[PDB]
$ cat run-v7.cif   # mmCIF, C-alpha atoms
data_protein
#
loop_
_atom_site.group_PDB
_atom_site.id
_atom_site.type_symbol
_atom_site.label_atom_id
_atom_site.label_comp_id
_atom_site.auth_asym_id
_atom_site.auth_seq_id
_atom_site.Cartn_x
_atom_site.Cartn_y
_atom_site.Cartn_z
ATOM 1 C CA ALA A 1 -18.803 -6.598 -10.206
ATOM 2 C CA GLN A 2 -15.157 -7.490 -9.723
ATOM 3 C CA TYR A 3 -14.477 -4.460 -7.539
ATOM 4 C CA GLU A 4 -17.272 -3.876 -5.019
ATOM 5 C CA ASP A 5 -17.834 -1.211 -2.431
ATOM 6 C CA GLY A 6 -17.401 -3.002 0.901
ATOM 7 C CA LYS A 7 -15.018 -5.611 -0.490
ATOM 8 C CA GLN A 8 -11.697 -4.229 -1.780
ATOM 9 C CA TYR A 9 -12.605 -0.751 -0.654
ATOM 10 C CA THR A 10 -15.203 1.177 1.317
ATOM 11 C CA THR A 11 -16.737 4.512 0.418
ATOM 12 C CA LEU A 12 -16.711 7.499 2.754
ATOM 13 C CA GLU A 13 -20.211 8.581 3.748
ATOM 14 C CA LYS A 14 -18.731 12.026 4.163
ATOM 15 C CA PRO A 15 -16.321 12.760 1.282
ATOM 16 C CA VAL A 16 -13.379 15.087 1.744
ATOM 17 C CA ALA A 17 -13.022 17.896 -0.806
ATOM 18 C CA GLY A 18 -9.620 19.081 -2.041
ATOM 19 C CA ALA A 19 -7.959 15.990 -0.567
ATOM 20 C CA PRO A 20 -4.637 14.676 -1.957
ATOM 21 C CA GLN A 21 -5.156 12.178 -4.777
ATOM 22 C CA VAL A 22 -3.468 9.195 -3.151
ATOM 23 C CA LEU A 23 -3.250 9.612 0.625
ATOM 24 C CA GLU A 24 -1.552 7.117 2.942
ATOM 25 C CA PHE A 25 -1.447 7.096 6.764
ATOM 26 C CA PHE A 26 0.989 5.208 8.919
ATOM 27 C CA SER A 27 2.695 5.060 12.303
ATOM 28 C CA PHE A 28 6.207 3.911 13.099
ATOM 29 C CA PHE A 29 4.578 1.992 16.013
ATOM 30 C CA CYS A 30 2.210 0.232 13.599
ATOM 31 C CA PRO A 31 3.167 -3.401 12.924
ATOM 32 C CA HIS A 32 1.285 -3.805 9.624
ATOM 33 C CA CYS A 33 2.862 -0.523 8.560
ATOM 34 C CA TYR A 34 6.288 -2.037 9.114
ATOM 35 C CA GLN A 35 5.266 -4.913 6.871
ATOM 36 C CA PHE A 36 3.765 -2.458 4.316
ATOM 37 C CA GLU A 37 7.028 -0.605 4.174
ATOM 38 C CA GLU A 38 9.738 -3.242 4.655
ATOM 39 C CA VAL A 39 8.279 -6.458 3.258
ATOM 40 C CA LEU A 40 5.555 -5.384 0.842
ATOM 41 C CA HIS A 41 6.799 -2.019 -0.450
ATOM 42 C CA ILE A 42 3.148 -1.014 -0.927
ATOM 43 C CA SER A 43 3.778 2.671 -1.494
ATOM 44 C CA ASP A 44 6.270 1.853 -4.133
ATOM 45 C CA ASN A 45 4.164 -0.662 -6.001
ATOM 46 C CA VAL A 46 1.144 1.626 -5.970
ATOM 47 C CA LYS A 47 3.266 4.388 -7.560
ATOM 48 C CA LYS A 48 4.452 1.977 -10.287
ATOM 49 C CA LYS A 49 0.843 1.417 -11.321
ATOM 50 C CA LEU A 50 -0.611 4.884 -10.878
ATOM 51 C CA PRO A 51 -1.428 6.838 -14.034
ATOM 52 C CA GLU A 52 1.067 9.600 -14.020
ATOM 53 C CA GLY A 53 0.397 13.160 -13.257
ATOM 54 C CA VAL A 54 -0.715 11.496 -9.977
ATOM 55 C CA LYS A 55 0.905 12.703 -6.741
ATOM 56 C CA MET A 56 1.378 10.454 -3.760
ATOM 57 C CA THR A 57 1.158 11.674 -0.148
ATOM 58 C CA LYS A 58 2.124 9.931 3.099
ATOM 59 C CA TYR A 59 1.441 11.195 6.624
ATOM 60 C CA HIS A 60 2.276 9.936 10.137
ATOM 61 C CA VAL A 61 -0.331 9.767 12.932
ATOM 62 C CA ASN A 62 -0.382 10.653 16.647
ATOM 63 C CA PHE A 63 -2.752 8.043 18.106
ATOM 64 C CA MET A 64 -0.114 5.343 18.645
ATOM 65 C CA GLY A 65 2.768 5.566 21.100
ATOM 66 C CA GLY A 66 1.651 8.533 23.174
ATOM 67 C CA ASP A 67 4.355 11.145 23.581
ATOM 68 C CA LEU A 68 6.808 9.521 21.177
ATOM 69 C CA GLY A 69 4.058 9.084 18.586
ATOM 70 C CA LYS A 70 3.734 12.860 18.497
ATOM 71 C CA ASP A 71 7.517 13.277 18.361
ATOM 72 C CA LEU A 72 7.477 10.905 15.428
ATOM 73 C CA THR A 73 4.847 12.960 13.626
ATOM 74 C CA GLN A 74 6.981 16.081 14.059
ATOM 75 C CA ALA A 75 10.046 14.107 12.816
ATOM 76 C CA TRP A 76 8.181 12.895 9.789
ATOM 77 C CA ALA A 77 7.322 16.581 9.173
ATOM 78 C CA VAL A 78 11.091 17.293 9.342
ATOM 79 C CA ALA A 79 11.696 14.394 6.960
ATOM 80 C CA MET A 80 9.142 15.793 4.433
ATOM 81 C CA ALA A 81 10.479 19.333 4.697
ATOM 82 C CA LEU A 82 14.081 18.191 4.110
ATOM 83 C CA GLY A 83 13.126 15.639 1.476
ATOM 84 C CA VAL A 84 14.793 12.841 3.358
ATOM 85 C CA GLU A 85 11.842 10.440 3.701
ATOM 86 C CA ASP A 86 13.712 7.695 1.881
ATOM 87 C CA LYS A 87 16.706 7.885 4.164
ATOM 88 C CA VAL A 88 14.978 7.694 7.534
ATOM 89 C CA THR A 89 11.905 5.559 7.006
ATOM 90 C CA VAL A 90 13.677 2.248 7.399
ATOM 91 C CA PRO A 91 15.854 3.099 10.436
ATOM 92 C CA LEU A 92 12.873 4.698 12.206
ATOM 93 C CA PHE A 93 10.777 1.559 11.738
ATOM 94 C CA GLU A 94 13.586 -0.685 12.947
ATOM 95 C CA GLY A 95 14.551 1.685 15.743
ATOM 96 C CA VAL A 96 10.990 1.666 17.068
ATOM 97 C CA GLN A 97 9.933 -1.923 16.330
ATOM 98 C CA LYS A 98 12.999 -4.118 15.706
ATOM 99 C CA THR A 99 15.862 -2.968 17.933
ATOM 100 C CA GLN A 100 13.778 -0.786 20.268
ATOM 101 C CA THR A 101 16.472 1.842 20.529
ATOM 102 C CA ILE A 102 14.147 4.755 19.940
ATOM 103 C CA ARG A 103 12.775 5.856 23.287
ATOM 104 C CA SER A 104 13.029 9.625 23.137
ATOM 105 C CA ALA A 105 13.114 12.561 20.759
ATOM 106 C CA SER A 106 16.902 12.523 21.055
ATOM 107 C CA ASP A 107 16.997 8.966 19.806
ATOM 108 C CA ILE A 108 14.808 9.959 16.827
ATOM 109 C CA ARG A 109 17.246 12.770 16.157
ATOM 110 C CA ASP A 110 20.158 10.237 16.196
ATOM 111 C CA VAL A 111 18.616 8.367 13.265
ATOM 112 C CA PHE A 112 18.618 11.521 11.131
ATOM 113 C CA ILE A 113 22.235 12.319 12.184
ATOM 114 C CA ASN A 114 23.338 8.809 11.285
ATOM 115 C CA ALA A 115 21.552 9.171 7.943
ATOM 116 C CA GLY A 116 23.728 12.227 7.359
ATOM 117 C CA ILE A 117 21.383 15.137 8.006
ATOM 118 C CA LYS A 118 23.325 17.774 9.926
ATOM 119 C CA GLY A 119 22.655 18.706 13.527
ATOM 120 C CA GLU A 120 22.061 22.390 12.856
ATOM 121 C CA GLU A 121 19.865 21.461 9.925
ATOM 122 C CA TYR A 122 17.732 18.964 11.838
ATOM 123 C CA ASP A 123 17.294 21.153 14.916
ATOM 124 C CA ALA A 124 16.459 24.133 12.681
ATOM 125 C CA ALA A 125 13.883 22.119 10.719
ATOM 126 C CA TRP A 126 12.528 20.616 13.976
ATOM 127 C CA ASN A 127 11.838 24.084 15.345
ATOM 128 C CA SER A 128 10.634 25.810 12.188
ATOM 129 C CA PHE A 129 7.092 27.077 11.515
ATOM 130 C CA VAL A 130 7.290 25.370 8.132
ATOM 131 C CA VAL A 131 7.428 22.113 10.166
ATOM 132 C CA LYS A 132 4.655 23.301 12.460
ATOM 133 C CA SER A 133 2.259 23.706 9.513
ATOM 134 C CA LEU A 134 3.384 20.356 8.095
ATOM 135 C CA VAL A 135 2.447 18.784 11.453
ATOM 136 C CA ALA A 136 -0.876 20.668 11.237
ATOM 137 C CA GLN A 137 -1.453 19.245 7.760
ATOM 138 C CA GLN A 138 -0.833 15.692 8.926
ATOM 139 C CA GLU A 139 -3.299 16.070 11.727
ATOM 140 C CA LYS A 140 -5.946 17.901 9.667
ATOM 141 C CA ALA A 141 -5.871 15.270 6.907
ATOM 142 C CA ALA A 142 -6.324 12.497 9.495
ATOM 143 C CA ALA A 143 -9.099 14.385 11.268
ATOM 144 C CA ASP A 144 -10.937 15.017 8.001
ATOM 145 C CA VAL A 145 -11.286 11.334 7.208
ATOM 146 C CA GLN A 146 -12.334 9.465 10.406
ATOM 147 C CA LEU A 147 -8.928 8.058 11.114
ATOM 148 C CA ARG A 148 -8.802 5.483 13.933
ATOM 149 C CA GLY A 149 -6.555 2.930 12.259
ATOM 150 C CA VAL A 150 -3.382 2.459 10.256
ATOM 151 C CA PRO A 151 -2.115 1.594 7.720
ATOM 152 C CA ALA A 152 -4.753 3.425 5.712
ATOM 153 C CA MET A 153 -5.007 4.680 2.189
ATOM 154 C CA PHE A 154 -7.583 7.035 0.708
ATOM 155 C CA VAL A 155 -8.153 7.859 -2.933
ATOM 156 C CA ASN A 156 -9.368 11.357 -3.893
ATOM 157 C CA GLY A 157 -10.886 11.819 -0.463
ATOM 158 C CA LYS A 158 -13.725 9.408 -1.170
ATOM 159 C CA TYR A 159 -12.453 5.835 -1.205
ATOM 160 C CA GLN A 160 -10.648 3.841 1.451
ATOM 161 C CA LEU A 161 -8.575 0.745 0.669
ATOM 162 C CA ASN A 162 -9.838 -2.376 2.416
ATOM 163 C CA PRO A 163 -6.975 -4.897 2.579
ATOM 164 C CA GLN A 164 -8.947 -7.212 4.894
ATOM 165 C CA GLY A 165 -10.874 -8.204 1.767
ATOM 166 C CA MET A 166 -7.905 -9.337 -0.418
ATOM 167 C CA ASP A 167 -6.078 -12.727 -0.496
ATOM 168 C CA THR A 168 -3.011 -13.000 1.819
ATOM 169 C CA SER A 169 -1.836 -16.510 0.932
ATOM 170 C CA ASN A 170 0.701 -14.893 -1.363
ATOM 171 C CA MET A 171 2.502 -11.679 -0.484
ATOM 172 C CA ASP A 172 3.115 -10.652 -4.122
ATOM 173 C CA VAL A 173 -0.476 -11.344 -5.158
ATOM 174 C CA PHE A 174 -1.690 -9.236 -2.228
ATOM 175 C CA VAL A 175 0.414 -6.243 -3.301
ATOM 176 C CA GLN A 176 -0.685 -6.354 -6.930
ATOM 177 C CA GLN A 177 -4.312 -6.664 -5.911
ATOM 178 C CA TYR A 178 -3.839 -3.771 -3.548
ATOM 179 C CA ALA A 179 -2.121 -1.612 -6.204
ATOM 180 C CA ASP A 180 -4.580 -2.438 -9.012
ATOM 181 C CA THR A 181 -7.338 -1.453 -6.632
ATOM 182 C CA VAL A 182 -5.755 1.948 -6.094
ATOM 183 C CA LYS A 183 -5.510 2.355 -9.854
ATOM 184 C CA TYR A 184 -9.144 1.305 -10.395
ATOM 185 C CA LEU A 185 -10.229 3.749 -7.702
ATOM 186 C CA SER A 186 -7.971 6.343 -9.237
ATOM 187 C CA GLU A 187 -9.700 6.087 -12.641
ATOM 188 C CA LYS A 188 -13.165 5.942 -11.104
#
$ encode --input "run-v7.cif" --output "structure tokens"
Amino acid sequence: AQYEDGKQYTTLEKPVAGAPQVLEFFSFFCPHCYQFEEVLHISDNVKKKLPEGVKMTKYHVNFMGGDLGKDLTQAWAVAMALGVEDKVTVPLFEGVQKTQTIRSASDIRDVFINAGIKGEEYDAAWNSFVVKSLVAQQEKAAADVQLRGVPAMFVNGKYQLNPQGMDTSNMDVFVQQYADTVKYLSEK
């Protein structure tokens, strides 16, 4: 075959019912994730090739960066609740990995303030039970699927993208291969 289990993707032994259609996991501490977001624009290029009627979900994970990793998962929950994912993703990545100016929850908060979210509004989101269940969702989805590494993508709770088995000589060729795989898996 051209697409083979164990080559461009692996199959979950233990499939996850009711899972989001396209599910991505990342961490702001994760170096390949930085690349995926800033250099490759993976999420975006996958979306451009997905059939439509397809919804795309992205969650943060706790297992990198100890205490700040958790803060970052709660902040990503705030971002999702406020619909400001596209305004904070880049400065969070660069704050954590490039400039290293994010060292505390208050520094994470600064990024949202600088992106124009209001103090009252951030602190209210931060502390809301709607954000608590969104944190719960992020953790449950990761727990359901065996998650020990990022970046990670799952399709319909049964297939996991396997970028290790795609050519990396060319960054553009890698992305298309990656996205076409998602679409193949999607139509499976």
$ residues_around --input "run-v7.cif" --residues "residue 167 (chain A)" --least-positions-apart "3" --cutoff "12 Å" --atoms "all atoms listed in the file" --output "PyMOL selection string"
chain A and resi 7-8+162-164+170-178
$ residues_around --input "run-v7.cif" --residues "region 66-72 of chain A" --least-positions-apart "4" --cutoff "7 Å" --atoms "only C-alpha atoms" --output "ChimeraX atom specification"
/A:62,76,104-105
$ residues_around --input "run-v7.cif" --residues "residue 151 (chain A)" --least-positions-apart "5" --cutoff "12 Å" --atoms "only C-alpha atoms" --output "ChimeraX atom specification"
/A:23-37,42-43,58-61,64,142,160-164
$ residues_near_point --input "run-v7.cif" --point "(11.3, 3.1, 12.5)" --cutoff "9 Å" --atoms "all atoms listed in the file" --output "PyMOL selection string"
chain A and resi 27-29+34+88-98+102+108
$ resolve_selection --input "run-v7.cif" --expression "the PyMOL selection byres ((chain A and resi 133-138) around 8)" --output "PDB file with C-alpha atoms, in the frame of the given file"
ATOM      1  CA  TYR A  59       1.441  11.195   6.624  1.00  0.00           C
ATOM      2  CA  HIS A  60       2.276   9.936  10.137  1.00  0.00           C
ATOM      3  CA  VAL A  61      -0.331   9.767  12.932  1.00  0.00           C
ATOM      4  CA  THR A  73       4.847  12.960  13.626  1.00  0.00           C
ATOM      5  CA  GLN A  74       6.981  16.081  14.059  1.00  0.00           C
ATOM      6  CA  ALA A  77       7.322  16.581   9.173  1.00  0.00           C
ATOM      7  CA  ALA A  81      10.479  19.333   4.697  1.00  0.00           C
ATOM      8  CA  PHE A 129       7.092  27.077  11.515  1.00  0.00           C
ATOM      9  CA  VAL A 130       7.290  25.370   8.132  1.00  0.00           C
ATOM     10  CA  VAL A 131       7.428  22.113  10.166  1.00  0.00           C
ATOM     11  CA  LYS A 132       4.655  23.301  12.460  1.00  0.00           C
ATOM     12  CA  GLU A 139      -3.299  16.070  11.727  1.00  0.00           C
ATOM     13  CA  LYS A 140      -5.946  17.901   9.667  1.00  0.00           C
ATOM     14  CA  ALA A 141      -5.871  15.270   6.907  1.00  0.00           C
ATOM     15  CA  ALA A 142      -6.324  12.497   9.495  1.00  0.00           C
TER      16      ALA A 142
END
$ residues_near_point --input "run-v7.cif" --point "(-1.9, 17.4, -9.3)" --cutoff "9 Å" --atoms "only C-alpha atoms" --output "list in words"
residues 20, 21, 53, 54 and 55 of chain A
$ resolve_selection --input "run-v7.cif" --expression "the PyMOL selection byres ((chain A and resi 51) around 12)" --output "ChimeraX atom specification"
/A:21-22,46-50,52-56,179-180,182-187
$ atom_distance --input "run-v7.cif" --atom1 "CA of residue 78 (chain A)" --atom2 "CA of residue 122 (chain A)"
7.3 Å
$ atom_distance --input "run-v7.cif" --atom1 "CA of residue 107 (chain A)" --atom2 "CA of residue 80 (chain A)"
18.6 Å
$ atom_distance --input "run-v7.cif" --atom1 "CA of residue 6 (chain A)" --atom2 "CA of residue 45 (chain A)"
22.8 Å
$ resolve_selection --input "run-v7.cif" --expression "the PyMOL selection byres ((chain A and resi 156) around 6)" --output "PyMOL selection string"
chain A and resi 19+21+155+157-158
$ closest_residue --input "run-v7.cif" --among "A:87, A:143, A:150, A:75" --to "residue 124 (chain A)" --atoms "all atoms listed in the file"
A:75
$ closest_residue --input "run-v7.cif" --among "A:13, A:38, A:44, A:121" --to "residue 57 (chain A)" --atoms "all atoms listed in the file"
A:44
$ axis_aligned_box --input "run-v7.cif" --around "region 146-162 of chain A" --padding-each-side "6 Å" --output "AutoDock Vina command-line options"
--center_x -7.9 --center_y 4.7 --center_z 5.0 --size_x 23.6 --size_y 26.2 --size_z 29.8
$ closest_residue --input "run-v7.cif" --among "A:112, A:10, A:99, A:168" --to "residue 40 (chain A)" --atoms "all atoms listed in the file"
A:168
$ build_atoms --input "run-v7.cif" --residues "region 138-164 of chain A" --atoms "N, CA and C atoms" --output "PDB file, in the coordinates of the input"
ATOM      1  N   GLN A 138      -0.720  17.112   8.646  1.00  0.00           N
ATOM      2  CA  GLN A 138      -0.833  15.692   8.926  1.00  0.00           C
ATOM      3  C   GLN A 138      -2.016  15.401   9.796  1.00  0.00           C
ATOM      4  N   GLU A 139      -2.188  16.231  10.818  1.00  0.00           N
ATOM      5  CA  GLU A 139      -3.299  16.070  11.727  1.00  0.00           C
ATOM      6  C   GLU A 139      -4.636  16.421  11.047  1.00  0.00           C
ATOM      7  N   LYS A 140      -4.692  17.542  10.332  1.00  0.00           N
ATOM      8  CA  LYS A 140      -5.946  17.901   9.667  1.00  0.00           C
ATOM      9  C   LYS A 140      -6.416  16.821   8.693  1.00  0.00           C
ATOM     10  N   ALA A 141      -5.506  16.304   7.871  1.00  0.00           N
ATOM     11  CA  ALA A 141      -5.871  15.270   6.907  1.00  0.00           C
ATOM     12  C   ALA A 141      -6.410  14.034   7.615  1.00  0.00           C
ATOM     13  N   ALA A 142      -5.840  13.679   8.768  1.00  0.00           N
ATOM     14  CA  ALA A 142      -6.324  12.497   9.495  1.00  0.00           C
ATOM     15  C   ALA A 142      -7.696  12.777  10.102  1.00  0.00           C
ATOM     16  N   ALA A 143      -7.841  13.960  10.677  1.00  0.00           N
ATOM     17  CA  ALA A 143      -9.099  14.385  11.268  1.00  0.00           C
ATOM     18  C   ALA A 143     -10.217  14.428  10.227  1.00  0.00           C
ATOM     19  N   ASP A 144      -9.908  14.899   9.025  1.00  0.00           N
ATOM     20  CA  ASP A 144     -10.937  15.017   8.001  1.00  0.00           C
ATOM     21  C   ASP A 144     -11.599  13.687   7.663  1.00  0.00           C
ATOM     22  N   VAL A 145     -10.813  12.625   7.694  1.00  0.00           N
ATOM     23  CA  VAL A 145     -11.286  11.334   7.208  1.00  0.00           C
ATOM     24  C   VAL A 145     -11.623  10.225   8.176  1.00  0.00           C
ATOM     25  N   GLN A 146     -11.836  10.502   9.481  1.00  0.00           N
ATOM     26  CA  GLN A 146     -12.334   9.465  10.406  1.00  0.00           C
ATOM     27  C   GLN A 146     -11.256   8.574  10.976  1.00  0.00           C
ATOM     28  N   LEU A 147     -10.003   9.022  10.932  1.00  0.00           N
ATOM     29  CA  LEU A 147      -8.928   8.058  11.114  1.00  0.00           C
ATOM     30  C   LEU A 147      -8.700   7.542  12.543  1.00  0.00           C
ATOM     31  N   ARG A 148      -8.953   6.235  12.682  1.00  0.00           N
ATOM     32  CA  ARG A 148      -8.802   5.483  13.933  1.00  0.00           C
ATOM     33  C   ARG A 148      -7.906   4.254  13.700  1.00  0.00           C
ATOM     34  N   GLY A 149      -7.468   4.041  12.459  1.00  0.00           N
ATOM     35  CA  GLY A 149      -6.555   2.930  12.259  1.00  0.00           C
ATOM     36  C   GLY A 149      -5.585   3.093  11.118  1.00  0.00           C
ATOM     37  N   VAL A 150      -4.431   2.461  11.270  1.00  0.00           N
ATOM     38  CA  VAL A 150      -3.382   2.459  10.256  1.00  0.00           C
ATOM     39  C   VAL A 150      -2.888   1.042  10.060  1.00  0.00           C
ATOM     40  N   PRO A 151      -2.310   0.726   8.884  1.00  0.00           N
ATOM     41  CA  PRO A 151      -2.115   1.594   7.720  1.00  0.00           C
ATOM     42  C   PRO A 151      -3.440   1.924   7.052  1.00  0.00           C
ATOM     43  N   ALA A 152      -3.512   3.036   6.338  1.00  0.00           N
ATOM     44  CA  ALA A 152      -4.753   3.425   5.712  1.00  0.00           C
ATOM     45  C   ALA A 152      -4.390   4.157   4.460  1.00  0.00           C
ATOM     46  N   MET A 153      -5.191   3.950   3.421  1.00  0.00           N
ATOM     47  CA  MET A 153      -5.007   4.680   2.189  1.00  0.00           C
ATOM     48  C   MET A 153      -6.353   5.201   1.710  1.00  0.00           C
ATOM     49  N   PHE A 154      -6.358   6.415   1.189  1.00  0.00           N
ATOM     50  CA  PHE A 154      -7.583   7.035   0.708  1.00  0.00           C
ATOM     51  C   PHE A 154      -7.310   7.500  -0.695  1.00  0.00           C
ATOM     52  N   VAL A 155      -8.305   7.378  -1.572  1.00  0.00           N
ATOM     53  CA  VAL A 155      -8.153   7.859  -2.933  1.00  0.00           C
ATOM     54  C   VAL A 155      -9.141   8.991  -3.225  1.00  0.00           C
ATOM     55  N   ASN A 156      -8.596  10.155  -3.592  1.00  0.00           N
ATOM     56  CA  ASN A 156      -9.368  11.357  -3.893  1.00  0.00           C
ATOM     57  C   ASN A 156     -10.389  11.686  -2.814  1.00  0.00           C
ATOM     58  N   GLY A 157     -10.000  11.501  -1.563  1.00  0.00           N
ATOM     59  CA  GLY A 157     -10.886  11.819  -0.463  1.00  0.00           C
ATOM     60  C   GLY A 157     -12.265  11.208  -0.501  1.00  0.00           C
ATOM     61  N   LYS A 158     -12.433  10.093  -1.207  1.00  0.00           N
ATOM     62  CA  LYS A 158     -13.725   9.408  -1.170  1.00  0.00           C
ATOM     63  C   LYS A 158     -13.639   7.905  -0.987  1.00  0.00           C
ATOM     64  N   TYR A 159     -12.528   7.283  -1.367  1.00  0.00           N
ATOM     65  CA  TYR A 159     -12.453   5.835  -1.205  1.00  0.00           C
ATOM     66  C   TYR A 159     -11.349   5.395  -0.273  1.00  0.00           C
ATOM     67  N   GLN A 160     -11.619   4.351   0.502  1.00  0.00           N
ATOM     68  CA  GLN A 160     -10.648   3.841   1.451  1.00  0.00           C
ATOM     69  C   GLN A 160     -10.339   2.385   1.134  1.00  0.00           C
ATOM     70  N   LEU A 161      -9.054   2.092   0.974  1.00  0.00           N
ATOM     71  CA  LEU A 161      -8.575   0.745   0.669  1.00  0.00           C
ATOM     72  C   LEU A 161      -8.983  -0.194   1.786  1.00  0.00           C
ATOM     73  N   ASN A 162      -9.389  -1.405   1.429  1.00  0.00           N
ATOM     74  CA  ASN A 162      -9.838  -2.376   2.416  1.00  0.00           C
ATOM     75  C   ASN A 162      -9.083  -3.694   2.283  1.00  0.00           C
ATOM     76  N   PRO A 163      -7.844  -3.733   2.791  1.00  0.00           N
ATOM     77  CA  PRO A 163      -6.975  -4.897   2.579  1.00  0.00           C
ATOM     78  C   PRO A 163      -7.495  -6.170   3.225  1.00  0.00           C
ATOM     79  N   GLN A 164      -8.299  -6.046   4.274  1.00  0.00           N
ATOM     80  CA  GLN A 164      -8.947  -7.212   4.894  1.00  0.00           C
ATOM     81  C   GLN A 164      -9.659  -8.076   3.853  1.00  0.00           C
TER      82      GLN A 164
END
